[PDB]
Amino acid sequence: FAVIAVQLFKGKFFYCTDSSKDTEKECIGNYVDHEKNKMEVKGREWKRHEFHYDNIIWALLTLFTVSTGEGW
Amino acid sequence: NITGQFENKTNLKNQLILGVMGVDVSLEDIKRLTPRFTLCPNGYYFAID
Amino acid sequence: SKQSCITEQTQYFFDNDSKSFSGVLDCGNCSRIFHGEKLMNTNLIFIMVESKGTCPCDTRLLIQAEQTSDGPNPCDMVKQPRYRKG
Amino acid sequence: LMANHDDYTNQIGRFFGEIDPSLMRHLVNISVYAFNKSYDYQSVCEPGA
Amino acid sequence: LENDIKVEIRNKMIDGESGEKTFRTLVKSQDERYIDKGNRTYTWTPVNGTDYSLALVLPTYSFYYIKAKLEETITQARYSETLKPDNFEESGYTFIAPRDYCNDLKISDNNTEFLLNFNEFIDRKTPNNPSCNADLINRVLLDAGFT
Amino acid sequence: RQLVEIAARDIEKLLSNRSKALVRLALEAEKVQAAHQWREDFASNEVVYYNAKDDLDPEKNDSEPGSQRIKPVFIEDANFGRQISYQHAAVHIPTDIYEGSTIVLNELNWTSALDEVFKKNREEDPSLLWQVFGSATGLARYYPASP
Ligand SMILES: *[C@@H]1O[C@H](CO)[C@@H](O[C@@H]2O[C@H](CO)[C@@H](O[C@@H]3O[C@H](CO)[C@@H](O)[C@H](O)[C@@H]3O)[C@H](O)[C@H]2NC(C)=O)[C@H](O)[C@H]1NC(C)=O
Ligand SMILES: *[C@@H]1O[C@H](CO)[C@@H](O[C@@H]2O[C@H](CO)[C@@H](O[C@@H]3O[C@H](CO)[C@@H](O)[C@H](O)[C@@H]3O)[C@H](O)[C@H]2NC(C)=O)[C@H](O)[C@H]1NC(C)=O
Ligand SMILES: *[C@@H]1O[C@H](CO)[C@@H](O)[C@H](O)[C@H]1NC(C)=O
Ligand SMILES: *[C@@H]1O[C@H](CO)[C@@H](O)[C@H](O)[C@H]1NC(C)=O
Ligand SMILES: *[C@@H]1O[C@H](CO)[C@@H](O)[C@H](O)[C@H]1NC(C)=O
Ligand SMILES: *[C@@H]1O[C@H](CO)[C@@H](O)[C@H](O)[C@H]1NC(C)=O
Ligand SMILES: *[C@@H]1O[C@H](CO)[C@@H](O)[C@H](O)[C@H]1NC(C)=O
Ligand SMILES: *[C@@H]1O[C@H](CO)[C@@H](O)[C@H](O)[C@H]1NC(C)=O
């Protein structure tokens, strides 16, 4: 199940701090963060989610996490 | 946008503009072309769109 | 701090060219006698009213000042809008 | 401008309507006082609630 | 203050054509507390090659004005010495309108500074022939003399 | 009538002066962009420009990888009332737009002939205020370089 979860979510657990940009080329620079409701200018970061599937060591730790129930 | 002209090419995005030029004219620059100190204080100039 | 605001304002002026105006003010259940004489060769008027300490007719006031108001009804001035050339 | 009352003169320079409005409301109806209401779209204003 | 004649004048101007119209108006005062029954003459012409349209409002008593002819080079001085802020008992207390008397003068809100600087720039004025206009300076000096 | 026509033709002359300045600027902008070749490599071929949202402190680390920033010398002009440097044109890049992308860097490249034409426009008409190319990629490049 941790080898099928790599071939299914490998590299796809990436996300950009700015919702509009969805590629690492685009997520450079600054952006206005309206979502906090106070209009502050932030920096665009290209990040993974904290619990990946990008590797067998990382698909076994994020899948034990599901087994213990938390944050699944 | 004038990239393909007289050697006519595909014109991918040659229908958009590059931008808009703009030069400011201040209303104090216009009030010096209409001097009011030869008129009585009740007289004045005014323009209109 | 402060914001822009349509403020209706009023001004008054001598409507008529006559110099003497007399009458009795029709106050609530009382009578107030007055005579207005406009001084010649000036902008002043002499109001000779003879009634004080009588019943109060001060229901409202005429406030000649820049009072905050809404503007003209914009739903009405789009039916016959001002002349305009596009 | 003043009055003979010696108390109105304390509020010298006030609009007469702020004191005895019935007088000049009537006077307006005799038409010794016309008036005009006009708007000043470009005037500063206290922030209301 | 909107009339029905002024609406006509506005619609005439917007059409970009020239004209002239004298009539009796209601001129709200500058302090927004009084109204006068004025007597104005609206002359207007279109600004060529543009969408605008210029007009000059002019009272009937404003068709003439005073052009101060002070070219003796010493009469202007004999009127100017009277404005100094030390003689404020033979003459009254004066204020000077902060106009563009000329480019070296810089107008301020501290009116006494403007009166001073105006006096110094009067002091050496003869070399400033192509610098600053004889019209306003002569008119103000002559008005100071008459006052 | 004479005063109205005189002031109207003076205003027409002013507006046509600025219209001719606009014509010159747009001619050069179209001609220069028509003779521009796309790129994606600005590490070696720097685009040197002043970014209007910069710090006056002499901090070298305020620059960006693909572009080397200018540190201008700001003199005081009472015509504009702010800090002005007539040697180059500032650039404004919105906070939501990255100043290092390829579109922005190409726009920053083909718009220095605009610097030259801005300067030559102001030389002919010393009274000119802001003249600016508002780019369709988000840039504004106004001539008198001010923060
Ligand atoms: C004005 O129009 C011209 C073309 O009409 C624009 O130039 C063209 O811009 C496109 C997109 O920026 C270029 O295509 C790109 O080419 C590169 C390299 O070949 C490639 O890696 C990209 O994937 C993309 O296909 C194109 O080469 C370029 N030139 C021509 C002749 O088409 C120009 O950008 C327009 N003006 C502005 C301000 O954008
Ligand atoms: C502003 O104040 C002026 C004061 O001159 C007002 O103009 C006057 O308004 C009254 C009431 O509408 C007019 O009275 C009527 O006049 C017609 C024709 O003169 C007459 O046939 C009627 O029997 C009635 O008496 C008066 O004529 C008019 N004065 C002028 C010179 O036009 C004006 O209405 C006020 N308001 C505004 C928005 O201007
Ligand atoms: C004068 O007062 C009467 C009675 O209150 C009122 O109906 C009228 O509208 C007023 N004005 C005129 C011009 O009659
Ligand atoms: C200008 O004023 C005079 C007298 O004050 C008056 O007779 C004349 O009618 C006024 N002008 C116009 C156009 O009404
Ligand atoms: C203005 O400045 C002058 C000189 O600096 C001074 O003499 C004068 O009192 C000032 N007046 C006001 C109202 O600040
Ligand atoms: C505008 O041009 C027309 C014809 O070209 C001319 O008759 C008119 O006098 C001009 N107006 C001014 C204010 O010069
Ligand atoms: C128009 O530009 C010319 C430059 O040849 C200049 O000499 C002239 O003063 C300008 N006109 C105005 C009204 O600024
Ligand atoms: C574009 O960049 C190149 C490389 O620096 C430069 O030689 C060229 O002059 C630039 N284009 C313009 C219009 O300045």
# chains A, B, ... in the order shown; residues from 1 in each chain; ligands from 1
call {"tool": "residues_near_ligand", "arguments": {"ligand": "ligand 4", "cutoff": "12 Å", "atoms": "only C-alpha atoms and all ligand atoms", "output": "ChimeraX atom specification"}}
result
/E:5,20-26,36-42,58-62
call {"tool": "select_by_dssp", "arguments": {"residues": "region 2-135 of chain E", "states": "strand (DSSP E or B)", "output": "ChimeraX atom specification"}}
result
/E:19-24,27-28,35-36,39-46,53-59
call {"tool": "residues_near_ligand", "arguments": {"ligand": "ligand 5", "cutoff": "9 Å", "atoms": "only C-alpha atoms and all ligand atoms", "output": "PyMOL selection string"}}
result
chain E and resi 108-114
call {"tool": "interface_residues", "arguments": {"of": "chain E", "to": "chain D", "cutoff": "9 Å", "atoms": "only C-alpha atoms", "output": "count of residues only"}}
result
3
call {"tool": "residues_around", "arguments": {"residues": "region 41-46 of chain A", "least_positions_apart": "3", "cutoff": "7 Å", "atoms": "only C-alpha atoms", "output": "JSON, numbers by chain"}}
result
{"A": [15, 16, 17, 18, 24, 27, 28, 29, 30, 31, 32, 33]}
call {"tool": "atom_distance", "arguments": {"atom1": "CA of residue 7 (chain E)", "atom2": "atom 33 (C, counted along the ligand's line) of ligand 2"}}
result
13.8 Å
call {"tool": "closest_residue", "arguments": {"among": "F:46, F:125, F:115, F:55", "to": "ligand 7", "atoms": "only C-alpha atoms and all ligand atoms"}}
result
F:125
call {"tool": "residues_near_ligand", "arguments": {"ligand": "ligand 6", "cutoff": "9 Å", "atoms": "only C-alpha atoms and all ligand atoms", "output": "ChimeraX atom specification"}}
result
/E:18,45-49,54 /F:2,4-10,12
call {"tool": "write_last_selection", "arguments": {"atoms": "N, CA, C and O atoms", "output": "CSV table (one decimal), in the first residue's frame"}}
result
chain,number,residue,atom,x,y,z
E,18,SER,N,-19.5,78.9,-30.6
E,18,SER,CA,-19.3,80.2,-30.0
E,18,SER,C,-20.6,80.9,-29.7
E,18,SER,O,-21.6,80.6,-30.3
E,45,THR,N,-16.1,80.3,-26.4
E,45,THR,CA,-15.7,79.8,-27.7
E,45,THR,C,-15.1,78.4,-27.5
E,45,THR,O,-14.7,78.0,-26.3
E,46,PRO,N,-15.2,77.5,-28.5
E,46,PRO,CA,-14.6,76.2,-28.3
E,46,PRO,C,-13.1,76.3,-28.4
E,46,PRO,O,-12.5,77.1,-29.1
E,47,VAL,N,-12.4,75.3,-27.7
E,47,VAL,CA,-11.0,75.2,-27.8
E,47,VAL,C,-10.7,74.3,-29.0
E,47,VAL,O,-11.1,73.1,-29.0
E,48,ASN,N,-10.1,74.8,-30.0
E,48,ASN,CA,-10.0,74.2,-31.3
E,48,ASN,C,-9.1,72.9,-31.1
E,48,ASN,O,-8.1,72.9,-30.4
E,49,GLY,N,-9.5,71.9,-31.9
E,49,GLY,CA,-8.7,70.6,-31.9
E,49,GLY,C,-8.8,69.9,-30.5
E,49,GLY,O,-8.0,69.1,-30.2
E,54,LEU,N,-14.1,76.9,-23.7
E,54,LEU,CA,-13.7,77.9,-22.8
E,54,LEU,C,-14.7,79.0,-22.7
E,54,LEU,O,-15.3,79.4,-23.7
F,2,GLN,N,-12.0,88.8,-27.5
F,2,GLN,CA,-10.5,88.7,-27.8
F,2,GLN,C,-9.9,87.9,-26.7
F,2,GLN,O,-9.1,87.0,-26.9
F,4,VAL,N,-11.2,85.6,-24.7
F,4,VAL,CA,-11.6,84.2,-24.7
F,4,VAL,C,-10.9,83.5,-25.8
F,4,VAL,O,-10.4,82.4,-25.7
F,5,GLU,N,-10.8,84.1,-27.0
F,5,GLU,CA,-10.1,83.5,-28.1
F,5,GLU,C,-8.6,83.3,-27.8
F,5,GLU,O,-8.0,82.3,-28.1
F,6,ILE,N,-8.0,84.3,-27.2
F,6,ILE,CA,-6.6,84.3,-26.9
F,6,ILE,C,-6.3,83.1,-25.9
F,6,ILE,O,-5.4,82.3,-26.1
F,7,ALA,N,-7.1,83.1,-24.8
F,7,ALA,CA,-6.9,82.0,-23.8
F,7,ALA,C,-7.2,80.6,-24.4
F,7,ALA,O,-6.6,79.6,-24.1
F,8,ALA,N,-8.2,80.6,-25.3
F,8,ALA,CA,-8.6,79.3,-25.9
F,8,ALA,C,-7.5,78.8,-26.8
F,8,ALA,O,-7.1,77.6,-26.8
F,9,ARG,N,-6.9,79.7,-27.6
F,9,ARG,CA,-5.8,79.2,-28.4
F,9,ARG,C,-4.5,78.9,-27.7
F,9,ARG,O,-3.7,78.0,-28.0
F,10,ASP,N,-4.3,79.6,-26.5
F,10,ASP,CA,-3.2,79.2,-25.7
F,10,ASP,C,-3.4,77.9,-25.1
F,10,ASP,O,-2.4,77.1,-25.0
F,12,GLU,N,-5.2,75.5,-26.3
F,12,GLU,CA,-5.0,74.6,-27.5
F,12,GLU,C,-3.6,74.3,-27.8
F,12,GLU,O,-3.2,73.2,-28.0
call {"tool": "atom_distance", "arguments": {"atom1": "CA of residue 115 (chain E)", "atom2": "CA of residue 73 (chain E)"}}
result
21.0 Å
call {"tool": "residues_near_ligand", "arguments": {"ligand": "ligand 1", "cutoff": "6 Å", "atoms": "only C-alpha atoms and all ligand atoms", "output": "count of residues only"}}
result
8
call {"tool": "interface_residues", "arguments": {"of": "chain C", "to": "chain B", "cutoff": "12 Å", "atoms": "only C-alpha atoms", "output": "VMD selection string"}}
result
chain C and resid 83 to 86
call {"tool": "residues_around", "arguments": {"residues": "residue 35 (chain F)", "least_positions_apart": "6", "cutoff": "10 Å", "atoms": "only C-alpha atoms", "output": "PDB file with N, CA and C atoms, in the first residue's frame"}}
result
ATOM      1  N   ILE B   2       4.048  45.880 -33.332  1.00  0.00           N
ATOM      2  CA  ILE B   2       4.416  46.118 -34.724  1.00  0.00           C
ATOM      3  C   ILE B   2       5.484  45.107 -35.151  1.00  0.00           C
ATOM      4  N   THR B   3       5.558  43.965 -34.463  1.00  0.00           N
ATOM      5  CA  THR B   3       6.622  43.007 -34.758  1.00  0.00           C
ATOM      6  C   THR B   3       6.544  42.501 -36.194  1.00  0.00           C
ATOM      7  N   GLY B   4       5.374  42.033 -36.618  1.00  0.00           N
ATOM      8  CA  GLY B   4       5.231  41.583 -37.989  1.00  0.00           C
ATOM      9  C   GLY B   4       4.521  42.589 -38.868  1.00  0.00           C
TER      10      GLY B   4
ATOM     11  N   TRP F 110      13.136  46.389 -23.520  1.00  0.00           N
ATOM     12  CA  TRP F 110      12.876  47.212 -24.699  1.00  0.00           C
ATOM     13  C   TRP F 110      12.388  48.616 -24.368  1.00  0.00           C
TER      14      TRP F 110
END
call {"tool": "closest_residue", "arguments": {"among": "D:42, D:2, D:49, D:32", "to": "ligand 2", "atoms": "only C-alpha atoms and all ligand atoms"}}
result
D:32
call {"tool": "residues_near_ligand", "arguments": {"ligand": "ligand 7", "cutoff": "9 Å", "atoms": "only C-alpha atoms and all ligand atoms", "output": "PyMOL selection string"}}
result
(chain B and resi 29+33) or (chain F and resi 10-18+123-128)
call {"tool": "residues_near_ligand", "arguments": {"ligand": "ligand 8", "cutoff": "8 Å", "atoms": "only C-alpha atoms and all ligand atoms", "output": "VMD selection string"}}
result
chain F and resid 32 to 33 35 to 37 45 to 47 106 109 to 113
call {"tool": "select_by_dssp", "arguments": {"residues": "chain D", "states": "helix (DSSP H, G or I)", "output": "VMD selection string"}}
result
chain D and resid 8 to 11 16 to 18 21 to 30
call {"tool": "write_last_selection", "arguments": {"atoms": "C-alpha atoms", "output": "compact mmCIF listing (two decimals), in the first residue's frame"}}
result
# COMPACT_ATOMS: atom_id res chain seq x y z
CA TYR D 8 -29.64 89.04 21.30
CA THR D 9 -26.58 91.25 20.83
CA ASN D 10 -24.66 88.65 22.84
CA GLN D 11 -25.34 86.26 19.94
CA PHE D 16 -32.08 85.03 12.87
CA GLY D 17 -33.80 81.67 12.30
CA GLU D 18 -31.71 80.07 15.01
CA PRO D 21 -37.71 80.92 13.41
CA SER D 22 -41.46 81.59 13.14
CA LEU D 23 -40.76 85.26 12.35
CA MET D 24 -38.78 84.76 9.16
CA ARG D 25 -40.61 81.59 8.15
CA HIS D 26 -43.66 83.83 7.97
CA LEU D 27 -41.49 86.51 6.33
CA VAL D 28 -40.45 84.02 3.65
CA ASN D 29 -44.13 83.39 3.05
CA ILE D 30 -44.75 87.14 2.62
